[PDB]
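Asker: Sending over a structure as structure tokens; questions will come in a sec.
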There are 2 protein chains.
Amino acid sequence: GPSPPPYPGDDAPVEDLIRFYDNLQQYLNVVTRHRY
Amino acid sequence: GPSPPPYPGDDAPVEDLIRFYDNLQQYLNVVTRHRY
């Protein structure tokens, strides 16, 4: 949600990287309400 | 592009986090060609 996403080091597996994408796009959509 | 994005530690400033979003969505769009 509007929280910092867990960083699985330097190389995350693409599934969890997609999960990271979810949390990241959500976080950014919150802190910066603009479409990217 | 289709390369691993630079991780600015655990907390990145939202501008560079948006840049990270660009590289990340590009990377994911390459490795996993599906809309998210």
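If you're wondering about the labels, chains in the structure tokens are A, B, ... by order shown, residues count from 1 in each chain, ligands from 1 in order shown.
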Per residue of chain A within 10 Å of segment 2-23 of chain B, note the shortest atom pair and the distance in Å to one decimal, counting only C-alpha atoms, and order the rows by chain and increasing residue number, as a tab-separated table.
Answerer:
```
residue	atom	partner	partner_atom	distance
A:4	CA	B:11	CA	7.9
A:5	CA	B:10	CA	9.0
A:6	CA	B:10	CA	8.5
A:7	CA	B:10	CA	7.1
A:9	CA	B:7	CA	8.8
A:10	CA	B:7	CA	7.1
A:11	CA	B:4	CA	7.9
A:12	CA	B:4	CA	9.9
A:21	CA	B:21	CA	7.9
A:24	CA	B:21	CA	7.6
A:25	CA	B:21	CA	7.6
A:27	CA	B:14	CA	9.6
A:28	CA	B:14	CA	7.3
A:31	CA	B:14	CA	7.9
A:32	CA	B:14	CA	7.9
A:36	CA	B:18	CA	8.2
```
Asker: When DSSP works through the backbone of this structure, what residues of chain A end up as helix (DSSP H, G or I), shown as a PyMOL selection string?
Answerer: chain A and resi 14-31
